[PDB]
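A lone chain, given as structure tokens: the form deposited in one PDB entry.
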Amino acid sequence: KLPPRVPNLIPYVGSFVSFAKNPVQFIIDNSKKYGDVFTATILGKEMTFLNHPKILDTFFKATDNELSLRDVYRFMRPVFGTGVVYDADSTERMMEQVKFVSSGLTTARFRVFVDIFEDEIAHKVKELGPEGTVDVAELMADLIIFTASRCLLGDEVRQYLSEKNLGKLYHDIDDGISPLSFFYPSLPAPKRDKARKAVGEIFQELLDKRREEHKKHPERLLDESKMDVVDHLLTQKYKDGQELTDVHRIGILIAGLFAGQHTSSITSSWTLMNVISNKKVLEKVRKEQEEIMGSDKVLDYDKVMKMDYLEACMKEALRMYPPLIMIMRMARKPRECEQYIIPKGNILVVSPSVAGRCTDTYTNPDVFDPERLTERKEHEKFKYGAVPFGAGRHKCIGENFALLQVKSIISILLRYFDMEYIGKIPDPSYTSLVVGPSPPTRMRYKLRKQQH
């Protein structure tokens, strides 16, 4: 009836230790010991892991009073704000908040986003000079921070950003949300709260200034390719006619940037590293760039939509190194899985890291090989063989923007620079909420066209 258990080391703490050591290695080991479904006690919580592509229907198809996101991720409240996202008054209200973000991620906006990528990267190359070495992860994090800001918030953020360490403030927020806050939501984190407050006042300022700009220049609000997420948030109410508060607006913005800061920057690092460490892969990538760019000197949205191989590379970095290593739901109702019934109160857990290495779906899963997808279609086997962006009702609404931003960044960097990585491809580091490459991650670079 109930699934098999992992025996607890001691009571209460249960399997925390080996889980904490390497949450991914933990799930593979015990999936062998106990099958496709098993439960473990981890710092007081019943956690049921579903580890086979074939059984993921139970997870992804449910509704939000069968399987709740809000019962598990509410602990993000200090970062996102009161009444926002998983602390929204209702599921329905959370969905509306999400649609405000997605409403600023239209085709029309995507055309302008590509220009933004070119601009930020052009400022960045001045700063890098014609040759050098650089930390890849830091570089990606900066480029993604400055470009997502401008994409979601409008260009008028940009001086504030340079001139008030927004990069740093996000580092301090991000460097005060431990995975252990899942288990103890009260773990005080005073630097985090300090940062968050600070970012809030800045976004307050920006919202006030945008209101004066909408006084004078309302024609802007008719133009599709000028409407950023800040604009949608000032001019839209909820479906039932209730107005949004500035606290909600700020919280949604912060969540929006947070979403696609770290995941997109990590994914661009893994992608770029594997691409330049493999001659074959880099040949095909460069070949594609050259076909698509022809005689044009800059990128645009149609060009990036043609980069199928670069995309496959990105997808392959997401199979091998997904930055959200675990996805979770709370059972508000007992729930059927295979021959078992997972009871109310259990947390269901699926891991895209475990899925990405399943020999049942992928041959030679430790090899970075974009051709497993483009040619062999290996992903297509099971319906849920590939879940880097999720599935069903809470699929990532940021996917197309992410793909757009990573592909653009890597394509532009390839255009400017020959690059070589230093050392072996690292392993993932399980020391934070969003999992990224273990430092050091460095690379040599050289400008492909010069003036000295």
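Don't overthink the numbering: it's just position in the shown sequence, from 1. For the two forms, the rigid core is made up of the largest set of C-alpha atoms that agree within 1.5 Å on superposition.
The discussion below concerns the form deposited in another entry, not included here.
- Taking the core as reference between this form and the one not shown, the lone member of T133, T107, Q204, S178 whose Cα moves by 2 Å or more is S178.
- After superposition on the rigid core, the Cα atom of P78 is displaced by 2 Å or more between this form and the one not shown.
- Comparing the forms between this form and the one not shown on their rigid core, the Cα displacement of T359 stays under 2 Å.
- After superposition on the rigid core, the Cα of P218 moves by less than 2 Å between this form and the one not shown.
- Note on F75 and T147: their C-alpha atoms are more widely spaced in the other entry, a change of at least 3 Å from this conformation.
- Cα-Cα spacing of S178 to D427 is reduced in the other entry versus the present form (difference of at least 3 Å).
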